[PDB]
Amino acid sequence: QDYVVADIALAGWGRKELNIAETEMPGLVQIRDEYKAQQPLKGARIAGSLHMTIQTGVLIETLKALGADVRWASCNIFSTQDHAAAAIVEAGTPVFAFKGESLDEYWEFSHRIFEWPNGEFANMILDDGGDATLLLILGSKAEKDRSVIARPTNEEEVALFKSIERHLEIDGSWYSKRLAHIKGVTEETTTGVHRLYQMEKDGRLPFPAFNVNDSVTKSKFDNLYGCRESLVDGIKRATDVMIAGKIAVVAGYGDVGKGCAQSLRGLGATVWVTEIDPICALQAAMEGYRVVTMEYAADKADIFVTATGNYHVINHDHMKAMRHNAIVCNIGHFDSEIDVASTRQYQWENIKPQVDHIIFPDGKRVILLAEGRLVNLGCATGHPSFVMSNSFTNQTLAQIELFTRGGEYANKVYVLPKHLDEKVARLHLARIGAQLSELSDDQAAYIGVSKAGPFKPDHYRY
């Protein structure tokens, strides 16, 4: 049994929903059809680390339709949809993912995507959050300097470092030998891409990487419109709270915060925003959101949402000040946005899976969602299929490009060229009935672009 999932019997259900998702994911479906004859991913062995949702399942089977062999884990302990995992396993793909797996299991699963049978090796990583990339790179450092895994500072590191030891005892060259085969990585999210840029700035990036997050059709769609639908979806499945009339504070006003702000406002919440970037602060103010400090908000707001990709944006003292039954969640990639660890000293009382009461010594309780893990994937199902098709069409193009032409790329982070970004968006217009217009020759000459595009300069912000 080359997989670990919750219950293989959930497969029928997963498949019914994969069927539906295809009709909602025209980018993936049209890319299957365009490229299946060519079989461009034949000989690709893709280790994927990414929320094992129905949406990811349509991606996985797109990669396979194009010839890839694939092994998959989730990039969060709570993001898996078990019926998605089951259907993908049933259709022949190794998946090491279930909702609620432990941290030790998580990291073990990150190794398993790198354990191919019959002497083969993964030669591509599809990463969301940089954990698969991290594991190989940190594991390899550890081979030559055990000190890099000696001093864990948090439970994530205890688990990661432990799993590395465990693998180094088995084979002293476990990581470096697998690293050597990786042709490149395609990375989905802002936090992951941040990790790649830091490796680039440091000269420790050992292969080419695509930054899929910053395709226009990704950052400005998925991060934004996707959270605009799924933040509240997560909060409500967790708590069934009324939004109208509440004071919701969104920490961070990038694309994820913009989406979050917009969905809370739409339902009649008073929306406050917190920011360190004055440009983004001014944008928030220009939409009518009050821009405040977290210290100012902690004792006043009803709902707190971290969307920063930063560390300890909600800390012990913010939570100590909150009103009784304040709801606290994180929609950023990592749970460290909230100092959950500092509340463990207090008595907790579980309400239901992923909804916990933290009881402070004066009896005041905070309702914490998904133990701080991404709330949309943890209490709901993450973004809907339609917008996820943008991100995953990008992913599929990036995987094709690196597998087929990676030799043309240096050890740098790249973004897909604008013409492909434009293609991704174009493939989604028909599903929703949008009629694209066409430049006349005279018009094309007048604004200095080709009728076929690209239509915008490379610094354009959309």
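Residues carry their position along the shown sequence, with the first being 1.
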{"query": "Mean temperature factor over C-alpha atoms, higher-scoring stretch between 327-335 and 102-110", "finding": "102-110"}
{"query": "Mean C-alpha temperature factor, higher of 214-222 and 111-119", "finding": "111-119"}
{"query": "Identity of residue with top Cα B-factor, from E169, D82, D131, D233", "finding": "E169"}
{"query": "Out of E349, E287, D302, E90, highest CA B-factor residue", "finding": "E90"}
{"query": "Chain-relative CA temperature factor third for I400", "finding": "middle"}
{"query": "Chain thirds of CA B-factor: placement of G43", "finding": "highest"}
{"query": "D127 by Cα B-factor - lowest, middle or highest third of the modelled chain", "finding": "lowest"}
{"query": "Chain third (lowest, middle, highest) by recorded CA B-factor, residue given as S140", "finding": "highest"}
{"query": "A11 by Cα B-factor - lowest, middle or highest third of the modelled chain", "finding": "middle"}
